[PDB]
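Engineer: Pasting an experimental structure with its sequence.
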Amino acid sequence: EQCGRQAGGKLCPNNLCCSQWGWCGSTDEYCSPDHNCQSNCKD
């Protein structure tokens, strides 16, 4: 994994959102609170 609780609490590079599953991206499945985004989230 890349970030979040699945990767030692790491933040994503380049201000990307960390999804609920520990992967870095920029779309709703990664960034939305409705999808349990972990960090660098949108709204």
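Structural biologist: Received, thanks. Residues are numbered from 1 along each chain as shown.
Engineer: contacts and neighbour counts: CA atoms only from here.
Structural biologist: Will do.
Engineer: Grab the nearest non-local neighbour of the residue nearest to the spatial centre of the chain.
Structural biologist: In the chain, the centroid-proximal residue (C-alpha atoms, centre = their mean) is residue 18; its distance is 0.9 Å. On the basis of C-alpha to C-alpha, 6 or more residues apart in numbering, the spatially nearest residue to residue 18 that is not a chain neighbour turns out to be residue 24, at 4.7 Å.
Engineer: contacting residues for the one you found?
Structural biologist: Residues in contact with residue 24 (C-alpha atoms under 8 Å, 6 or more residues apart in numbering) are 2, 3, 12, 16, 17, 18, 30.
Engineer: from those residues, which single one is nearest residue 38?
Structural biologist: Checking the contacts of residue 24 against residue 38 by C-alpha to C-alpha gives residue 18 as the nearest, at 5.4 Å.
Engineer: so that closest one makes contact with residue 33?
Structural biologist: No - distance between residue 18 and residue 33: 10.9 Å, which falls outside the contact criterion (C-alpha atoms under 8 Å).
Engineer: what do these two both touch?
Structural biologist: What both residue 18 and residue 33 touch, as defined by C-alpha under 8 Å, 6+ apart, is the set residue 41.
Engineer: what's the neighbour count on the closest residue to residue 15 other than its chain neighbours?
Structural biologist: Nearest residue to residue 15 in three dimensions, chain neighbours excluded: residue 40, at 6.3 Å (C-alpha to C-alpha, 6+ apart). Here the neighbour count serves as a burial measure; for residue 40 (other C-alpha atoms under 10 Å) it reads 18.
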